[PDB]
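Undergrad:
Residue numbers (UniProt numbering), protein chains in the order written: chain A, 102 to 151; chain B, 344 to 514.
1) Quick check: the segment 123-130 of chain A against the segment 460-467 of chain B, are at least 3 beta-carbon pairs closer than 8 Å?
2) Cα-Cα, which of B:493, B:424, B:381 and B:478 is closest to residue 367 of chain B?
3) So, under 8 Å CB-CB, residue 540 of chain B and residue 447 of chain B are touching, yes? Tell me the CB distance rounded to an integer number of Å.
4) Establish whether the CB of residue 111 of chain A and some CB of chain B are separated by less than 7 Å.
5) Can the beta-carbon of residue 450 of chain B be found less than 7 Å from the beta-carbon of residue 478 of chain B?
6) What residues in the segment 448-459 of chain B bring their beta carbon closer than 9 Å to a beta carbon of chain A?
7) Are any of the Cβ atoms in chain A nearer than 7 Å to that of residue 284 of chain B?
8) Hey, is the segment 347-357 of chain B in contact with the segment 132-150 of chain A, meaning 3+ C-beta pairs nearer than 8 Å?
9) To the nearest angstrom, how far is the alpha carbon of residue 108 of chain A from that of residue 119 of chain A?
10) Give a yes or no on whether 7 Å exceeds the smallest Cβ distance from residue 119 of chain A to chain B.
11) Residue 494 of chain B and residue 506 of chain B - do their beta-carbons sit closer together than 7 Å?
12) Should residue 354 of chain B be labelled buried (16 or more other beta-carbon atoms within 10 Å of its own) or exposed?
13) Can you list, in chain order, the residues of the segment 493-510 of chain B whose Cβ is nearer than 8 Å to any Cβ on chain A?
14) Determine whether the Cβ of residue 444 of chain B lies closer than 7 Å to any Cβ atom of chain E.
15) For residue 441 of chain B, which option in A:139, A:115, A:132 and A:133 has the closest C-alpha, if you only look at C-alpha atoms?
16) If you count every other CB in all the chains shown that lies within 10 Å of the CB of residue 509 of chain B, and 16 or more means buried, which is it?
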């Protein structure tokens, strides 16, 4: 587990968070639907609810 | 249009009095569709000359709230216009970068959804904002790609005719 506590000497701000997250195009039998993007390995790496 | 001609010669104040009387005549006709044409012309004039935002009888924020919920049909290009004006105000207001990107996303998605070739004016304005937006972030690599699409000497209506020559001279 990484612990990146906020430090004044670290000005390396992040912009990927500000930019909106991507989406995915998956088509089922009925129609083409749009779902939020998840990394192929994010299901077992996602932030756990528990 | 005479007000537009007045704005082309940088008269500015003389155009305001001429435009003001345009609103009164529109009410007498009692037709809704022409007011949107009037309202769109409002902020286009303020966008070129932001120093006159106080002189108008309607603040710029009032228009954005009206056009966003204007209708769901028979607008086509109104919403494409509506969201870009919010983006300029948000950029000027130095709002949070999360909101500016989201607002610009709204304008980029609606412009490219329909034909961008026919609406050459807004497509150029998209490029001008996006180059300016990303240049402000400090990423010239992204700005360069969009810069090759900004058209030169094309300029826009109601803003002089030698503005393109002057702008090229500044650089």
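Note that the Cβ used here is the ideal one computed from N, Cα and C, for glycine as well.
TA: For this structure:
1) No: fewer than three Cβ pairs fall under 8 Å.
2) For the residues B:493, B:424, B:381 and B:478, the minimum Cα distance to residue 367 of chain B belongs to B:381.
3) Residue 540 of chain B lies beyond the stretch modelled for chain B, which goes from 344 to 514, so this question has no answer here.
4) No, because no Cβ of chain B sits closer than 7 Å to the Cβ of residue 111 of chain A.
5) No. Outside cutoff.
6) Taking 9 Å as the Cβ-Cβ cut-off against chain A, the residues of the segment 448-459 of chain B that qualify are 448.
7) The structure shown does not extend to residue 284 of chain B, since chain B is modelled only from 344 to 514, so the question has no answer here.
8) Here the segment 347-357 of chain B does not lie against the segment 132-150 of chain A, with fewer than 3 beta-carbon pairs under 8 Å apart.
9) If you take the alpha carbons of residue 108 of chain A and residue 119 of chain A, they lie about 20 Å apart.
10) Residue-level contact check: residue 119 of chain A touches chain B, since one or more beta carbons of chain B fall below 7 Å from its beta carbon.
11) Not closer than 7 Å, so no.
12) Residue 354 of chain B should be labelled exposed.
13) When CB distances to chain A are screened at a threshold of 8 Å, not a single residue of the segment 493-510 of chain B falls below it.
14) Of the protein chains in the structure, A and B, none is chain E.
15) When each option's Cα is compared against that of residue 441 of chain B, the closest is A:115.
16) Residue 509 of chain B comes out exposed.
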